[PDB]
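Participant: Structural data only, the sequence is not supplied:
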DNA sequence: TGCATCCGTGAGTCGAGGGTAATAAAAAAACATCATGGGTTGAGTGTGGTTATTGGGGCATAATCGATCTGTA
């Protein structure tokens, strides 16, 4: 009753959360220092960490 | 003296894949350096050339058979 079964979906979602934390670490500065009008969301995100 | 605190320890052969990745700026000048290309050394490998021959065949100069008409009891 005190032990829990963690299956593949759970660790997959945990790793995805880590990837999104990595993304936010750069988006926090990208929004603060970047352009306000011509900035498209595509060019300011990075798919390598996830 | 009692307290927390830190520091080593803890098997053995074996196999199969075996490597993955958060990010970043451009100019200019200045200099170093290798890369190729063309030209002297030079270093070969290449190729004919005269002169030492030693078996072989040869012509001389000798030699040992093979066949028939004149001399002796």
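Facilitator: On my side now, so go ahead. Numbers count the residues shown, from 1 in each chain, chains lettered A, B, ... in the order given.

Participant: Next one: residue A:19 relative to residue A:37, how far apart?
Facilitator: Counting by CB to CB, to the nearest Å, the separation of residue A:19 from residue A:37 is 29 Å. Quick note: C-beta positions are derived from backbone N, CA and C, even for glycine.

Participant: Nearest the geometric middle of chain A, what residue?
Facilitator: The residue lying closest to the centre of chain A (CA atoms, centre = their mean) is residue A:20, at 1.2 Å.

Participant: Show me what from chain A comes close to DNA strand B.
Facilitator: A:22, A:26, A:46, A:48-49 (CB under 7 Å from any atom of the strand).

Participant: between residue A:19 and residue A:37, who's got more neighbours?
Facilitator: residue A:19 (14 against 4; other CB atoms under 10 Å).

Participant: tally of neighbours for the nearest residue to that one once chain neighbours are set aside?
Facilitator: Excluding the flanking residues, the one nearest residue A:19 by CB to CB, 6 or more residues apart in numbering is residue A:50, at 3.4 Å. Neighbours of residue A:50 under the rule other CB under 10 Å: 12.

Participant: and residue A:9, helix, strand or coil?
Facilitator: Counting by DSSP: H, G, I helix; E, B strand; the rest coil, the backbone at residue A:9 sits in helix.

Participant: measure it to residue A:15 for me?
Facilitator: Relative to residue A:15, residue A:9 is positioned 11 Å away (CB to CB).

Participant: out of these two, which sits in the more crowded spot?
Facilitator: Neighbours per residue (other CB under 10 Å) separate residue A:9 from residue A:15, with residue A:15 holding more: 11 against 8.

Participant: What residues sit buried inside the strand or helix carrying the more buried one?
Facilitator: Per DSSP states H and E: residue A:15 is located in helix A:8-33. Within helix A:8-33, the residues that qualify as buried are A:23, A:27, A:30, counting by 16 or more other CB atoms under 10 Å.

Participant: Contacts only, for the first one.
Facilitator: When contacts are counted by CB atoms under 8 Å, 6 or more residues apart in numbering, residue A:23 touches A:45-46, A:49-50.
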